[PDB]
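Text of upload-v1.cif, listed as mmCIF, C-alpha atoms:
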```cif
data_upload
#
loop_
_atom_site.group_PDB
_atom_site.id
_atom_site.type_symbol
_atom_site.label_atom_id
_atom_site.label_comp_id
_atom_site.auth_asym_id
_atom_site.auth_seq_id
_atom_site.Cartn_x
_atom_site.Cartn_y
_atom_site.Cartn_z
ATOM 1 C CA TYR A 255 -10.729 -9.215 -19.066
ATOM 2 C CA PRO A 256 -12.669 -10.490 -16.001
ATOM 3 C CA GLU A 257 -9.821 -9.484 -13.678
ATOM 4 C CA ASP A 258 -10.324 -5.799 -12.878
ATOM 5 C CA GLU A 259 -8.642 -6.460 -9.529
ATOM 6 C CA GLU A 260 -5.408 -7.777 -11.042
ATOM 7 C CA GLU A 261 -5.184 -5.040 -13.674
ATOM 8 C CA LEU A 262 -5.906 -2.471 -10.966
ATOM 9 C CA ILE A 263 -3.058 -3.843 -8.853
ATOM 10 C CA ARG A 264 -0.525 -3.546 -11.687
ATOM 11 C CA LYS A 265 -2.006 -0.206 -12.742
ATOM 12 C CA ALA A 266 -1.035 1.110 -9.331
ATOM 13 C CA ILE A 267 2.282 -0.716 -9.664
ATOM 14 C CA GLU A 268 3.187 1.268 -12.782
ATOM 15 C CA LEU A 269 1.937 4.562 -11.335
ATOM 16 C CA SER A 270 4.127 4.132 -8.248
ATOM 17 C CA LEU A 271 7.164 3.103 -10.305
ATOM 18 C CA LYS A 272 6.884 6.315 -12.331
ATOM 19 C CA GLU A 273 7.126 8.448 -9.190
ATOM 20 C CA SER A 274 9.932 6.387 -7.645
ATOM 21 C CA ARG A 275 11.979 6.856 -10.823
ATOM 22 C CA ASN A 276 15.019 8.153 -8.926
ATOM 23 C CA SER A 277 15.105 4.902 -6.927
ATOM 24 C CA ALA A 278 12.972 6.601 -4.268
ATOM 25 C CA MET B 1 8.053 8.001 10.878
ATOM 26 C CA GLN B 2 5.005 9.025 8.844
ATOM 27 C CA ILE B 3 3.542 7.811 5.547
ATOM 28 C CA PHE B 4 0.537 8.751 3.406
ATOM 29 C CA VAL B 5 -1.942 6.090 2.331
ATOM 30 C CA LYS B 6 -3.490 6.765 -1.071
ATOM 31 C CA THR B 7 -6.813 5.108 -1.851
ATOM 32 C CA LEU B 8 -7.428 3.873 -5.397
ATOM 33 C CA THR B 9 -10.428 6.218 -5.483
ATOM 34 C CA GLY B 10 -8.230 9.230 -4.765
ATOM 35 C CA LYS B 11 -7.614 10.067 -1.108
ATOM 36 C CA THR B 12 -4.321 10.463 0.760
ATOM 37 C CA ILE B 13 -4.165 10.155 4.554
ATOM 38 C CA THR B 14 -1.403 10.644 7.123
ATOM 39 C CA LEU B 15 -0.340 7.465 8.915
ATOM 40 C CA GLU B 16 2.429 7.279 11.514
ATOM 41 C CA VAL B 17 4.228 3.930 11.758
ATOM 42 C CA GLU B 18 7.518 2.830 13.324
ATOM 43 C CA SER B 19 10.122 1.568 10.854
ATOM 44 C CA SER B 20 10.749 -1.479 13.043
ATOM 45 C CA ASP B 21 7.028 -2.288 13.131
ATOM 46 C CA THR B 22 5.963 -4.699 10.387
ATOM 47 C CA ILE B 23 3.223 -4.145 7.819
ATOM 48 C CA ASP B 24 0.690 -6.009 9.967
ATOM 49 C CA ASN B 25 0.888 -3.162 12.484
ATOM 50 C CA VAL B 26 0.278 -0.593 9.748
ATOM 51 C CA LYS B 27 -2.794 -2.470 8.524
ATOM 52 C CA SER B 28 -4.092 -2.580 12.094
ATOM 53 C CA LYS B 29 -3.945 1.210 12.385
ATOM 54 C CA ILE B 30 -5.549 1.581 8.957
ATOM 55 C CA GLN B 31 -8.382 -0.688 10.076
ATOM 56 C CA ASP B 32 -9.063 1.304 13.234
ATOM 57 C CA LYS B 33 -9.066 4.653 11.409
ATOM 58 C CA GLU B 34 -10.571 3.867 7.991
ATOM 59 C CA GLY B 35 -12.368 0.671 8.989
ATOM 60 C CA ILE B 36 -11.105 -1.886 6.481
ATOM 61 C CA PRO B 37 -9.832 -5.481 7.026
ATOM 62 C CA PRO B 38 -6.034 -5.940 6.584
ATOM 63 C CA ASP B 39 -6.445 -8.962 4.305
ATOM 64 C CA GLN B 40 -8.933 -7.102 2.106
ATOM 65 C CA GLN B 41 -6.769 -4.004 1.636
ATOM 66 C CA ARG B 42 -3.448 -4.378 -0.184
ATOM 67 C CA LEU B 43 -0.689 -1.762 -0.317
ATOM 68 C CA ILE B 44 1.631 -1.381 -3.307
ATOM 69 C CA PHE B 45 4.961 0.433 -3.617
ATOM 70 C CA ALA B 46 8.123 0.280 -5.728
ATOM 71 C CA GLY B 47 6.349 -2.147 -8.033
ATOM 72 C CA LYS B 48 5.911 -4.592 -5.153
ATOM 73 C CA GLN B 49 2.969 -5.447 -2.898
ATOM 74 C CA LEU B 50 3.753 -5.011 0.802
ATOM 75 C CA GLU B 51 3.579 -8.327 2.664
ATOM 76 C CA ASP B 52 1.759 -8.463 6.008
ATOM 77 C CA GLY B 53 4.879 -9.807 7.710
ATOM 78 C CA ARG B 54 7.941 -7.724 6.866
ATOM 79 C CA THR B 55 9.657 -4.791 8.584
ATOM 80 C CA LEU B 56 9.604 -1.418 6.809
ATOM 81 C CA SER B 57 13.368 -1.116 7.323
ATOM 82 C CA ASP B 58 14.043 -3.807 4.716
ATOM 83 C CA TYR B 59 11.816 -1.965 2.246
ATOM 84 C CA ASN B 60 13.758 1.230 2.969
ATOM 85 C CA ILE B 61 10.618 3.302 2.441
ATOM 86 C CA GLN B 62 11.242 7.031 2.028
ATOM 87 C CA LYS B 63 9.914 9.401 4.680
ATOM 88 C CA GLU B 64 6.315 10.475 4.030
ATOM 89 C CA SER B 65 5.982 8.053 1.106
ATOM 90 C CA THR B 66 2.660 7.374 -0.615
ATOM 91 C CA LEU B 67 1.291 3.815 -0.631
ATOM 92 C CA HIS B 68 -1.175 2.608 -3.275
ATOM 93 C CA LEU B 69 -4.346 1.041 -1.865
ATOM 94 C CA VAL B 70 -5.877 -1.986 -3.617
ATOM 95 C CA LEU B 71 -8.921 -3.860 -2.323
ATOM 96 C CA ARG B 72 -9.056 -7.540 -3.276
ATOM 97 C CA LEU B 73 -12.088 -8.360 -5.422
ATOM 98 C CA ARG B 74 -14.711 -10.590 -3.797
ATOM 99 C CA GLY B 75 -14.614 -14.206 -4.934
ATOM 100 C CA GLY B 76 -18.333 -14.197 -5.641
#
```

Could you rewrite the structure in this file as structure tokens?
Amino acid sequence: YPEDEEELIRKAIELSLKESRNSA
Amino acid sequence: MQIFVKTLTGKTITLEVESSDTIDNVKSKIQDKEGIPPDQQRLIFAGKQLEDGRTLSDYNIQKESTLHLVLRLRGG
């Protein structure tokens, strides 16, 4: 997909969510 | 208050910012230190991109939290 920027943004989104699992 | 900025490449950096101070202020400091335009750089946290016009208090960001860096791709 010609949207490396968008995928990158969500990629980081998921990574962060994993860490903040305990609502923090 | 202090928070670590993590670059997509892989680099965390200490960054002190008042809770009351909005994101715009944070970007300003980041620009002076790292040397990157606020609009270009985009922070992500809690599955939500930080807006350049909202106080940290509302976000309720944890102390010394890591923020994901994301540079907007050039239109060209």

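A straight line drawn from CA of residue 260 (chain A) to CA of residue 12 (chain B) is 21.8 Å long.
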
Per residue of chain B within 12 Å of chain A, which atom pair is closest and at what distance in Å (one decimal), using all atoms listed in the file, listed by chain and increasing number, as JSON lines?
```
{"residue": "B:6", "atom": "CA", "partner": "A:266", "partner_atom": "CA", "distance": 10.3}
{"residue": "B:7", "atom": "CA", "partner": "A:266", "partner_atom": "CA", "distance": 10.3}
{"residue": "B:8", "atom": "CA", "partner": "A:266", "partner_atom": "CA", "distance": 8.0}
{"residue": "B:9", "atom": "CA", "partner": "A:262", "partner_atom": "CA", "distance": 11.2}
{"residue": "B:10", "atom": "CA", "partner": "A:266", "partner_atom": "CA", "distance": 11.8}
{"residue": "B:40", "atom": "CA", "partner": "A:259", "partner_atom": "CA", "distance": 11.7}
{"residue": "B:41", "atom": "CA", "partner": "A:263", "partner_atom": "CA", "distance": 11.1}
{"residue": "B:42", "atom": "CA", "partner": "A:263", "partner_atom": "CA", "distance": 8.7}
{"residue": "B:43", "atom": "CA", "partner": "A:263", "partner_atom": "CA", "distance": 9.1}
{"residue": "B:44", "atom": "CA", "partner": "A:267", "partner_atom": "CA", "distance": 6.4}
{"residue": "B:45", "atom": "CA", "partner": "A:270", "partner_atom": "CA", "distance": 6.0}
{"residue": "B:46", "atom": "CA", "partner": "A:271", "partner_atom": "CA", "distance": 5.5}
{"residue": "B:47", "atom": "CA", "partner": "A:267", "partner_atom": "CA", "distance": 4.6}
{"residue": "B:48", "atom": "CA", "partner": "A:267", "partner_atom": "CA", "distance": 7.0}
{"residue": "B:49", "atom": "CA", "partner": "A:267", "partner_atom": "CA", "distance": 8.3}
{"residue": "B:50", "atom": "CA", "partner": "A:267", "partner_atom": "CA", "distance": 11.4}
{"residue": "B:59", "atom": "CA", "partner": "A:278", "partner_atom": "CA", "distance": 10.8}
{"residue": "B:60", "atom": "CA", "partner": "A:278", "partner_atom": "CA", "distance": 9.0}
{"residue": "B:61", "atom": "CA", "partner": "A:278", "partner_atom": "CA", "distance": 7.8}
{"residue": "B:62", "atom": "CA", "partner": "A:278", "partner_atom": "CA", "distance": 6.5}
{"residue": "B:63", "atom": "CA", "partner": "A:278", "partner_atom": "CA", "distance": 9.9}
{"residue": "B:64", "atom": "CA", "partner": "A:278", "partner_atom": "CA", "distance": 11.3}
{"residue": "B:65", "atom": "CA", "partner": "A:278", "partner_atom": "CA", "distance": 8.9}
{"residue": "B:66", "atom": "CA", "partner": "A:270", "partner_atom": "CA", "distance": 8.4}
{"residue": "B:67", "atom": "CA", "partner": "A:270", "partner_atom": "CA", "distance": 8.1}
{"residue": "B:68", "atom": "CA", "partner": "A:266", "partner_atom": "CA", "distance": 6.2}
{"residue": "B:69", "atom": "CA", "partner": "A:266", "partner_atom": "CA", "distance": 8.2}
{"residue": "B:70", "atom": "CA", "partner": "A:263", "partner_atom": "CA", "distance": 6.2}
{"residue": "B:71", "atom": "CA", "partner": "A:259", "partner_atom": "CA", "distance": 7.7}
{"residue": "B:72", "atom": "CA", "partner": "A:259", "partner_atom": "CA", "distance": 6.4}
{"residue": "B:73", "atom": "CA", "partner": "A:259", "partner_atom": "CA", "distance": 5.7}
{"residue": "B:74", "atom": "CA", "partner": "A:259", "partner_atom": "CA", "distance": 9.3}
{"residue": "B:75", "atom": "CA", "partner": "A:259", "partner_atom": "CA", "distance": 10.8}
```

>> Under the PyMOL selection byres ((chain B and resi 57) around 12), which residues of this model are included? Write them out as an NGL selection string.
In response: :B and (1 or 17-23 or 54-56 or 58-63)

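What separates CA of residue 53 (chain B) from CA of residue 13 (chain B) is a distance of 22.1 Å.
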
>> Could you tell me, as a PyMOL selection string, exactly which residues end up selected when the PyMOL selection byres ((chain B and resi 14) around 8) is applied to this structure?
In response: chain B and resi 2-5+12-13+15-16

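Pairwise distance (CA of residue 39 (chain B), CA of residue 24 (chain B)) equals 9.6 Å.
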
Could you put an axis-aligned box around every listed atom of region 48-57 of chain B, padded by 4 Å on each side, and send me its centre and edge lengths in Å to one decimal, as JSON?
```
{"center_x": 7.6, "center_y": -5.5, "center_z": 1.7, "size_x": 19.6, "size_y": 16.7, "size_z": 21.7}
```
